[PDB]
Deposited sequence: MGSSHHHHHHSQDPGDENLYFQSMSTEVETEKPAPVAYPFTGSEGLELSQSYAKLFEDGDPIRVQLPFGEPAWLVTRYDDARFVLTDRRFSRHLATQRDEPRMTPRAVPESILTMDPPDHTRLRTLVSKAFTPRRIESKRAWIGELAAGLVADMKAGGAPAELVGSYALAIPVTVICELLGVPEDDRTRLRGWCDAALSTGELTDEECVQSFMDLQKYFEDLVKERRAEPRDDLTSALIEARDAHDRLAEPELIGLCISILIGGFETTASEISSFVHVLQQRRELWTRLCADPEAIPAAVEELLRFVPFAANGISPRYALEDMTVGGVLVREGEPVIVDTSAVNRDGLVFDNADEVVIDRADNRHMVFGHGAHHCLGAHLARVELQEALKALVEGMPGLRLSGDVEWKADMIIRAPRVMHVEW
């Protein structure tokens, strides 16, 4: 087919992202399950092909560009450190943090700018605390944080200097924690072993960066979009004010419902010619799962285009599937649950004044 421009039956669609080669776009859940689970699809060809992507720089090698067995080694090592216990043990604290940020907005008076004061504030502080970045070094991360969230108007060179600054900073942090270990994720990653296997210094630095960048904008955008969606369907906001125990269910359903601009899921490359949902995918061609479409696939989700908080069997793909399923999924869930909880408890009368980049709120 002639490719169509992406971002903008059920058969895969030929698309052209802003950069890279043309790709097949998968919109059906059943098709996506194959693409993301099966060992006949590869990520590591990313770095030998011209990867469909939103930004011009060729993609750096990372945990997200690996295939089993190299990938499995990395995930095994990371799972020794990034454990569900280490995550849950932070829930109360994340809750206190969230409550404190709501109280800070209150003390400043309406209107507050929710993106900057809340949606961005929670994940950057949570990730930093987890990683062990001290408060008096967090200024080093601000450049990236601006680069991730903006258009206005960082230079090409400021972006690359701010990303290299992440490398430089995390190199220092990894050296410091190797020499003086602490109770943080960075030290636990350095200490992780699987027999004699361990993460090399460049792998540690890369993982710290992958954690920060995987957790920051994603979590931030979802907090902002959750609040937007709940405010436009205010009957749902009110329900959560009346029934804060429904928040975990509501987080799952908002994760399903909130549409991604681009592909949150990275391209997978066919290792041999295969038909997927009726189209021939050639050896070496990329296939992109559209998270938003798959999460609205009416063959799987009844009333897919409505928000149904208590939806039974809400097995969405917002965190992907298969081997590369979001390392941070549990942490993200904790952050989103506690973010919504603090807002509905602290500001049940919240309304919009004028994901979003800026979003002003009164109460």
{"item": "Non-modelled portions of the deposited polymer sequence, in sequence order", "value": "1 to 32, 41 to 57, 404 to 414"}
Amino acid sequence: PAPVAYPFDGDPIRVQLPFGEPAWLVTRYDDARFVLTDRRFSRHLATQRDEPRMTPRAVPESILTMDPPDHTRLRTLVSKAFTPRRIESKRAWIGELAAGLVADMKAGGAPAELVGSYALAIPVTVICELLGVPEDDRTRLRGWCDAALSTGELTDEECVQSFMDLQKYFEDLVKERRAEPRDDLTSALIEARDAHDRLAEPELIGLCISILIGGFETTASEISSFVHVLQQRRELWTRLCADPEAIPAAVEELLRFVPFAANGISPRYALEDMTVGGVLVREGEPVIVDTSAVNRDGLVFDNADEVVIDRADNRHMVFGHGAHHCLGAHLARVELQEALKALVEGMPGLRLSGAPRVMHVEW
From here on, numbers count along this sequence of modelled residues.
query: Entry-level comparison of average CA B-factors, 148 to 156 and 119 to 127, reporting the higher stretch; finding: 148 to 156
query: 332 to 340 set against 312 to 320, stretch whose average Cα temperature factor tops the other in the entry; finding: 312 to 320
query: Highest recorded Cα temperature factor - choice among 187, 219, 76, 89; finding: 89
query: Which of 136, 253, 104, 272 ranks first by CA B-factor in the deposited coordinates; finding: 104
query: Modelled-residue ranking by C-alpha temperature factor, third containing residue 58; finding: highest
query: Chain-wide C-alpha B factor ranking for residue 286, given as lowest, middle or highest third; finding: lowest
query: Chain thirds of CA B-factor: placement of residue 355; finding: highest
query: Third of chain Cα B-factors occupied by residue 168; finding: lowest
query: Residue 182 CA temperature factor, ranked by third within the chain; finding: middle
